[PDB]
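First comes one chain, alone, set out as structure tokens in the form deposited in one PDB entry.
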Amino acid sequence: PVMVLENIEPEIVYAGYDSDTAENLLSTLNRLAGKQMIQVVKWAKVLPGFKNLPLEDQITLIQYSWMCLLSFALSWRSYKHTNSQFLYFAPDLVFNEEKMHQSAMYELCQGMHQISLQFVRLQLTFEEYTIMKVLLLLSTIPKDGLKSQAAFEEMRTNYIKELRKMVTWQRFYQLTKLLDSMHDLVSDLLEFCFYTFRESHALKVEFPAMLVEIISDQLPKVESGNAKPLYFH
């Protein structure tokens, strides 16, 4: 479980940053996003337990939790590489207070910056990160339901009990509390994402084909309460 998870973690992804307008940063981040999602897809097909449920539900869980996954991962890199001092999007794209301003996404950057700070305080470990990331993959579901709602519950309770064994009643509360707080930020990041998209017509912010399909899928119908977040507290 832990062994497999650490082995299947994605490889380093570069932003391909070419040196600085607001349009640039966001488009670069969106392209960065499209690139990381490719790694997520590959990651998911080899994820223990997940690769079992029907592809429908598999594509579905990936389309509802993509923001949780990428932002938590950003938080991890920022913690591992800069001790949660800056926002480490990629080796060639590390954000500072200024870059945080250029992208016109300051409070939103400060928001995730705060998550990563909690990584330091809690001294989050790599194996806790890996199991916590899978739980975020299984954190959001369509209000209506998945094809195999029973196969999902089993994998989720499995990974949950997996974090318990990993922790063994101390940081488990802290870790799950953090996962719960991730949803709060993701909501903010998502709505900002939907605005930039429904206005990119003028903002000149480009969106990779991957994002376009996910957003135009999540935003359209699942804007309302069609996405039920699973909380631990």
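Note that residue numbering begins at 1 and tracks the sequence as displayed.
Missing here is the form deposited with a partner chain bound; even so, the following discussion is about that form.
A single residue from the set 165, 198, 51, 204 has any heavy atom within 4.5 angstroms of the partner chain in the deposited complex; that residue is 51. Here the marked residues 20, 101 and 108 all miss the partner chain in the deposited complex; none has a heavy atom within 4.5 angstroms. Among heavy atoms of residue 29, none comes within 4.5 Å of the partner chain in the deposited complex. Though the partner is left out of this view, residue 213 does reach within 4.5 Å of the partner chain in the deposited complex, counting heavy atoms only. Of the heavy atoms in residue 47, none are within 4.5 Å of the partner chain in the deposited complex.
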